[PDB]
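Comments concern the structure below.
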Amino acid sequence: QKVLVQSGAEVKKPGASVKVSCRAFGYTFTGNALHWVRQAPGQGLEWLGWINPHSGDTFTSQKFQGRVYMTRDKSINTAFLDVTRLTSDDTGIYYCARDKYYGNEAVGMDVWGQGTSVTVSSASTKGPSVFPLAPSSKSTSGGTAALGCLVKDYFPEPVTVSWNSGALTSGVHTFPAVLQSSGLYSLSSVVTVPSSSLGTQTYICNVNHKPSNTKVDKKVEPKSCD
Amino acid sequence: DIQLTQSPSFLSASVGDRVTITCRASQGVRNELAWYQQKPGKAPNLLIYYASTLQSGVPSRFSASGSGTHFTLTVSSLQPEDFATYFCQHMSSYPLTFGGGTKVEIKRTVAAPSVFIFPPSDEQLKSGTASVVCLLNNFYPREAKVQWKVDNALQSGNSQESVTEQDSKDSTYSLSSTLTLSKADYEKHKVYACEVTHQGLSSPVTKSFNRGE
Amino acid sequence: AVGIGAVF
């Protein structure tokens with residue numbers, strides 16, 4: 001029943017600050033030191049610092065001293081991480097984690113928050129352009145055709161992609177987004193289907209980008225040569 | 001900063017295999033060391049602390065050794081839920097640091113990719129850019145070389161790849177490679193080709209198209 | 001190991 005619940009996703013401009021919260025349930029909040037650890041996409045784990053929730057004493061990792069601040073409010077069992085003067089290298093998932101803290105020393109991180117996504121970028125909110133990846137007779141492989149949608153030039157993450165309003169799930173691969181050099185994200189979602197029924201089956205890619213309140217349904221159909 | 005060097009960084013294994021992962025610390029850390037498991041989209045989970053004490057709620061097939069600088073984590077008989085990334089961590093001085101991780105993925109028979117190429121849509125070209133997509137579907141192992149050739153010229157720096165996580169059902173990977181060109185550069189050339197090298201292919205497979213056809 | 005004080 002020990003749980004740490006963190007605040008929701010954040011998107012910030014360079015130079016701004018972000019305050020992440022972490023609330024403890026199911027154990028005595030002031031009985032265990034609490035760590036903050038971050039993970040950039042595809043990378044390892046980086047320790048930011050820790051706090052004694054009873055006393056408020058902290059040790060901040062040297063590379064973050066004077067920029068990252070840990071505090072707590074015992075009345076609401078909540079710890080806070082304030083990351084200031086943000087740059088794009090601060091993009092990542094931020095976790096709080098309780099230490100077992102036996103003997104009032106570090107032992108191991110035994111309860112973890114669910115993580116808080118922090119994106120730092122100069123980009124502004126933008127919905128995606130959705131382009132068909134059309135199947136072609138020349139691209140037939142055995143009895144299979146591949147088709148899809150390219151979901152390009154959006155910010156921030158995430159987008160959701162479904163096919164035929166969720167009725168088509170077999171053979172679907174929705175790829176992890178890539179951050180383009182422009183600072184906008186892009187991904188493709190593909191599906192393999194029978195080549196035999198390309199003339200009669202319907203394929204609609206449903207793209208939802210909640211940050212821009214954009215919803216797009218894109219028809220994907222075989223290319224016809226005149 | 002103390003450096004924790006894990007080896008190997010990547011390991012392929014089968015259910016039932018014994019797996020041994022090493023963590024070497026750049027300075028002595030006594031037994032002030034912990035091990036964690038992490039799965040995609042999840043926080044790490046504590047397995048071992050005090051270098052060799054097993055955390056409550058962790059199966060007994062996990063065990064660890066070491067005092068000082070040379071530490072090892074063993075899974076005696078890998079189970080399906082054990083395919084994950086593993087990290088060591090010290091706490092003997094500041095900053096606390098983690099090893100680079102060891103990703104344990106599941107072995108299966110070699111499977112060649114099915115390869116598909118998609119020219120840019122007419123809609124996108126109207127916008128001033130051209131994306132060419134090459135799809136490698138349901139292959140194993142993960143290592144694959146995708147080369148873009150444009151009128152027989154090898155491309156560099158203008159493509160990005162994305163790979164799925166290993167599939168829970170068939171243990172394969174899929175991969176997209178996207179070549180992005182300005183409309184001006186796209187219109188300079190005629191023949192666009194994606195060339196795929198993979199262990200399951202006796203020779204590289206090329207899929208291509210002619211612009212404007 | 002490192003510590004950050006008493007918690008009572």
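In the structure tokens, chains take the letters A, B, ... in the order shown, each chain's residues start at 1, and ligands count up from 1 in the order shown.
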
Residue 120 (chain B) surroundings by only C-alpha atoms, 9 Å radius, close-in-sequence under 2 positions cut, as a PyMOL selection string: (chain A and resi 131-133) or (chain B and resi 118+122-125+129-133)

Spatial neighbours of residue 18 (chain A), 9 Å, only C-alpha atoms, chain gap at least 6 places, as a PyMOL selection string: chain A and resi 10-12+81-84+86+118

Using N, CA, C and O atoms, can you write the selected residues to a file as a PDB file, in the first residue's frame?
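Just written: result-v1.pdb:
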```
ATOM      1  N   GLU A  10       4.599  18.137 -18.010  1.00  0.00           N
ATOM      2  CA  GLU A  10       4.921  19.551 -18.109  1.00  0.00           C
ATOM      3  C   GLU A  10       5.652  19.821 -19.413  1.00  0.00           C
ATOM      4  O   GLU A  10       6.437  18.992 -19.883  1.00  0.00           O
ATOM      5  N   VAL A  11       5.385  20.983 -20.003  1.00  0.00           N
ATOM      6  CA  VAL A  11       6.053  21.424 -21.222  1.00  0.00           C
ATOM      7  C   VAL A  11       6.459  22.873 -21.004  1.00  0.00           C
ATOM      8  O   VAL A  11       5.618  23.703 -20.642  1.00  0.00           O
ATOM      9  N   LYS A  12       7.746  23.171 -21.189  1.00  0.00           N
ATOM     10  CA  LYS A  12       8.297  24.472 -20.823  1.00  0.00           C
ATOM     11  C   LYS A  12       9.235  24.976 -21.909  1.00  0.00           C
ATOM     12  O   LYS A  12       9.774  24.204 -22.702  1.00  0.00           O
ATOM     13  N   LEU A  81      10.019  19.225  -6.341  1.00  0.00           N
ATOM     14  CA  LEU A  81      11.276  19.421  -7.051  1.00  0.00           C
ATOM     15  C   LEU A  81      11.107  20.613  -7.980  1.00  0.00           C
ATOM     16  O   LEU A  81      10.284  20.572  -8.901  1.00  0.00           O
ATOM     17  N   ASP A  82      11.871  21.672  -7.738  1.00  0.00           N
ATOM     18  CA  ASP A  82      11.839  22.870  -8.566  1.00  0.00           C
ATOM     19  C   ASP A  82      13.104  22.863  -9.407  1.00  0.00           C
ATOM     20  O   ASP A  82      14.213  22.936  -8.868  1.00  0.00           O
ATOM     21  N   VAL A  83      12.942  22.733 -10.718  1.00  0.00           N
ATOM     22  CA  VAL A  83      14.057  22.741 -11.655  1.00  0.00           C
ATOM     23  C   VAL A  83      13.982  24.054 -12.418  1.00  0.00           C
ATOM     24  O   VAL A  83      13.016  24.291 -13.152  1.00  0.00           O
ATOM     25  N   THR A  84      14.983  24.911 -12.239  1.00  0.00           N
ATOM     26  CA  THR A  84      14.964  26.260 -12.790  1.00  0.00           C
ATOM     27  C   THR A  84      15.959  26.391 -13.937  1.00  0.00           C
ATOM     28  O   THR A  84      16.768  25.497 -14.197  1.00  0.00           O
ATOM     29  N   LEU A  86      15.681  26.150 -17.139  1.00  0.00           N
ATOM     30  CA  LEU A  86      15.593  24.914 -17.901  1.00  0.00           C
ATOM     31  C   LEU A  86      16.250  25.056 -19.271  1.00  0.00           C
ATOM     32  O   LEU A  86      16.211  26.120 -19.899  1.00  0.00           O
ATOM     33  N   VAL A 118       8.788  15.821 -18.426  1.00  0.00           N
ATOM     34  CA  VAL A 118       9.121  17.232 -18.574  1.00  0.00           C
ATOM     35  C   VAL A 118       9.754  17.408 -19.949  1.00  0.00           C
ATOM     36  O   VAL A 118      10.798  16.812 -20.239  1.00  0.00           O
TER      37      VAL A 118
END
```

Contact set, chain B to chain C: 8 Å, only C-alpha atoms, as a PyMOL selection string: chain B and resi 32+91-94

With C-alpha atoms retained, write the just-selected residues as a PDB file, in the first residue's frame.
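The new file out.pdb reads:
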```pdb
ATOM      1  CA  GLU B  32      26.783   0.071  -0.429  1.00  0.00           C
ATOM      2  CA  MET B  91      25.443   5.128  -2.352  1.00  0.00           C
ATOM      3  CA  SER B  92      28.882   5.510  -0.773  1.00  0.00           C
ATOM      4  CA  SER B  93      29.424   9.189  -1.645  1.00  0.00           C
ATOM      5  CA  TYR B  94      27.764  11.978  -3.576  1.00  0.00           C
TER       6      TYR B  94
END
```

Spatial neighbours of residue 163 (chain A), max dist 8 Å, only C-alpha atoms, sep filter under 2 positions, as a count of residues only: 10

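Closest approach to residue 173 (chain A) among B:166, B:182, B:65, B:21: B:166, based on only C-alpha atoms.
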
Straight-line distance linking CA of residue 207 (chain B) with CA of residue 116 (chain B), stated in Å to one decimal: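 Pair CA of residue 207 (chain B) / CA of residue 116 (chain B) returns 6.7 Å.
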
Please report as a Markdown table every residue of chain A lying within 7 Å of chain C, along with the nearest atom pair and their distance in Å (one decimal), using only C-alpha atoms.
```
| residue | atom | partner | partner_atom | distance |
| --- | --- | --- | --- | --- |
| A:30 | CA | C:7 | CA | 6.3 |
| A:31 | CA | C:7 | CA | 5.3 |
| A:32 | CA | C:7 | CA | 6.9 |
| A:52 | CA | C:4 | CA | 6.0 |
| A:54 | CA | C:7 | CA | 5.6 |
| A:57 | CA | C:4 | CA | 6.7 |
| A:58 | CA | C:4 | CA | 6.9 |
| A:104 | CA | C:3 | CA | 5.8 |
| A:105 | CA | C:3 | CA | 4.1 |
| A:106 | CA | C:2 | CA | 5.8 |
```

Could you write out the selected residues, including N, CA and C atoms, as a PDB file, in the first residue's frame?
```pdb
ATOM      1  N   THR A  30       7.493  11.318   6.686  1.00  0.00           N
ATOM      2  CA  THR A  30       8.712  11.836   7.293  1.00  0.00           C
ATOM      3  C   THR A  30       9.613  10.748   7.863  1.00  0.00           C
ATOM      4  N   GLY A  31       9.327   9.474   7.605  1.00  0.00           N
ATOM      5  CA  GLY A  31      10.175   8.418   8.114  1.00  0.00           C
ATOM      6  C   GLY A  31      11.246   7.921   7.172  1.00  0.00           C
ATOM      7  N   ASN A  32      11.324   8.448   5.948  1.00  0.00           N
ATOM      8  CA  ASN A  32      12.266   7.930   4.967  1.00  0.00           C
ATOM      9  C   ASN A  32      12.759   9.068   4.090  1.00  0.00           C
ATOM     10  N   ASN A  52      15.505  14.984   3.327  1.00  0.00           N
ATOM     11  CA  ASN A  52      14.941  14.432   4.548  1.00  0.00           C
ATOM     12  C   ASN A  52      13.581  15.100   4.756  1.00  0.00           C
ATOM     13  N   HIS A  54      11.450  14.907   7.170  1.00  0.00           N
ATOM     14  CA  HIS A  54      11.258  15.377   8.538  1.00  0.00           C
ATOM     15  C   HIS A  54      11.890  16.750   8.738  1.00  0.00           C
ATOM     16  N   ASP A  57      16.397  18.948   5.463  1.00  0.00           N
ATOM     17  CA  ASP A  57      17.777  18.919   4.986  1.00  0.00           C
ATOM     18  C   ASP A  57      17.833  18.250   3.618  1.00  0.00           C
ATOM     19  N   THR A  58      18.771  18.701   2.792  1.00  0.00           N
ATOM     20  CA  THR A  58      18.913  18.173   1.442  1.00  0.00           C
ATOM     21  C   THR A  58      20.386  17.971   1.138  1.00  0.00           C
ATOM     22  N   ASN A 104      19.231   5.423   9.035  1.00  0.00           N
ATOM     23  CA  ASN A 104      19.350   6.792   8.539  1.00  0.00           C
ATOM     24  C   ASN A 104      20.489   6.937   7.532  1.00  0.00           C
ATOM     25  N   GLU A 105      20.691   5.906   6.708  1.00  0.00           N
ATOM     26  CA  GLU A 105      21.619   5.975   5.589  1.00  0.00           C
ATOM     27  C   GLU A 105      20.953   5.393   4.351  1.00  0.00           C
ATOM     28  N   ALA A 106      21.523   5.710   3.191  1.00  0.00           N
ATOM     29  CA  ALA A 106      21.005   5.205   1.925  1.00  0.00           C
ATOM     30  C   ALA A 106      21.220   3.702   1.834  1.00  0.00           C
TER      31      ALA A 106
END
```

Which residue of B:26, B:162, B:79, B:156 approaches chain A most closely, using only C-alpha atoms: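 Smallest separation from chain A among the options: B:162.
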
Proximal residues of chain B relative to chain A (only C-alpha atoms; 8 Å) as a CSV table (one decimal) with C-alpha atoms, in the first residue's frame:
```
chain,number,residue,atom,x,y,z
B,32,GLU,CA,26.8,0.1,-0.4
B,33,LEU,CA,25.3,-1.1,-3.7
B,34,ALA,CA,21.8,-2.0,-5.0
B,42,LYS,CA,7.9,1.9,-15.9
B,43,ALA,CA,10.0,3.0,-12.9
B,44,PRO,CA,12.8,0.8,-11.8
B,45,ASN,CA,12.1,-1.8,-9.1
B,46,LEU,CA,14.6,-2.7,-6.3
B,49,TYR,CA,20.5,-4.0,-1.6
B,50,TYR,CA,23.5,-4.1,0.8
B,91,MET,CA,25.4,5.1,-2.4
B,94,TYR,CA,27.8,12.0,-3.6
B,95,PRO,CA,26.5,12.0,-6.2
B,96,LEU,CA,24.8,8.6,-6.2
B,97,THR,CA,25.4,7.1,-9.6
B,98,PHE,CA,24.0,4.2,-11.6
B,99,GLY,CA,25.6,1.8,-14.0
B,100,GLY,CA,24.8,2.1,-17.7
B,101,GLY,CA,22.3,-0.7,-17.8
B,114,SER,CA,9.7,-8.0,-45.0
B,116,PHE,CA,8.4,-2.1,-48.0
B,117,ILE,CA,9.1,1.4,-49.4
B,118,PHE,CA,6.6,4.3,-49.5
B,119,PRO,CA,7.2,7.4,-51.7
B,120,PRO,CA,6.1,10.7,-50.3
B,121,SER,CA,2.4,11.5,-50.7
B,123,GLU,CA,-0.2,16.0,-50.3
B,124,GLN,CA,3.1,16.3,-48.5
B,160,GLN,CA,16.1,8.8,-38.9
B,161,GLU,CA,15.2,5.3,-37.6
B,162,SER,CA,12.6,4.1,-35.1
B,163,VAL,CA,12.4,0.6,-33.7
B,164,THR,CA,9.6,-1.1,-31.8
B,174,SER,CA,10.0,-3.8,-36.6
B,175,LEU,CA,11.9,-0.7,-37.8
B,176,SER,CA,11.1,2.4,-39.8
```

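Neighbouring residues of region 66-70 of chain B at 8 Å or closer, counting only C-alpha atoms and skipping chain neighbours under 2 positions away, are residues 22, 23, 24, 25, 26, 27, 28, 29, 30, 31, 51, 52, 64 and 72 of chain B.
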
d(CA of residue 20 (chain A), CA of residue 122 (chain A)) in Å: 20.2 Å

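Residues in contact with residue 71 (chain A) at up to 8 Å, not including ones fewer than 3 positions away on its chain and judged by only C-alpha atoms, are residues 51, 56, 79, 80 and 81 of chain A.
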
Output C-alpha atoms for every residue in the selection just made, as a PDB file, in the first residue's frame.
```
ATOM      1  CA  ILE A  51      15.655  15.319   0.937  1.00  0.00           C
ATOM      2  CA  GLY A  56      14.015  19.499   5.257  1.00  0.00           C
ATOM      3  CA  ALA A  79       7.701  16.714  -1.697  1.00  0.00           C
ATOM      4  CA  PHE A  80       8.506  19.204  -4.462  1.00  0.00           C
ATOM      5  CA  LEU A  81      11.276  19.421  -7.051  1.00  0.00           C
TER       6      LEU A  81
END
```

Who sits within 6 Å of region 134-149 of chain B, only C-alpha atoms, same chain under 5 positions skipped, as a PyMOL selection string: chain B and resi 110-117+154-155+172-177+193-198

So that I can see what lies close to region 211-213 of chain B, please list as a PDB file with N, CA, C and O atoms, in the first residue's frame the residues with an atom at most 8 Å from it, counting only C-alpha atoms and leaving out residues fewer than 4 positions away in the same chain.
```pdb
ATOM      1  N   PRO B 119       6.825   6.012 -51.238  1.00  0.00           N
ATOM      2  CA  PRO B 119       7.179   7.361 -51.706  1.00  0.00           C
ATOM      3  C   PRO B 119       6.413   8.416 -50.928  1.00  0.00           C
ATOM      4  O   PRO B 119       5.417   8.106 -50.256  1.00  0.00           O
ATOM      5  N   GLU B 187      13.405  16.665 -55.870  1.00  0.00           N
ATOM      6  CA  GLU B 187      13.214  16.808 -57.303  1.00  0.00           C
ATOM      7  C   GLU B 187      14.515  16.745 -58.091  1.00  0.00           C
ATOM      8  O   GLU B 187      14.470  16.627 -59.319  1.00  0.00           O
ATOM      9  N   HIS B 189      16.581  14.269 -58.074  1.00  0.00           N
ATOM     10  CA  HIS B 189      16.929  12.890 -58.379  1.00  0.00           C
ATOM     11  C   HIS B 189      15.713  12.078 -58.803  1.00  0.00           C
ATOM     12  O   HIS B 189      14.564  12.478 -58.600  1.00  0.00           O
ATOM     13  N   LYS B 190      15.989  10.905 -59.380  1.00  0.00           N
ATOM     14  CA  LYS B 190      14.970  10.047 -59.971  1.00  0.00           C
ATOM     15  C   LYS B 190      14.731   8.756 -59.200  1.00  0.00           C
ATOM     16  O   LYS B 190      13.589   8.460 -58.827  1.00  0.00           O
ATOM     17  N   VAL B 191      15.772   7.964 -58.958  1.00  0.00           N
ATOM     18  CA  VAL B 191      15.621   6.627 -58.392  1.00  0.00           C
ATOM     19  C   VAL B 191      15.897   6.679 -56.893  1.00  0.00           C
ATOM     20  O   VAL B 191      16.980   7.092 -56.461  1.00  0.00           O
ATOM     21  N   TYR B 192      14.912   6.256 -56.101  1.00  0.00           N
ATOM     22  CA  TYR B 192      14.999   6.234 -54.645  1.00  0.00           C
ATOM     23  C   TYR B 192      14.947   4.789 -54.172  1.00  0.00           C
ATOM     24  O   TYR B 192      14.020   4.055 -54.524  1.00  0.00           O
TER      25      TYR B 192
END
```
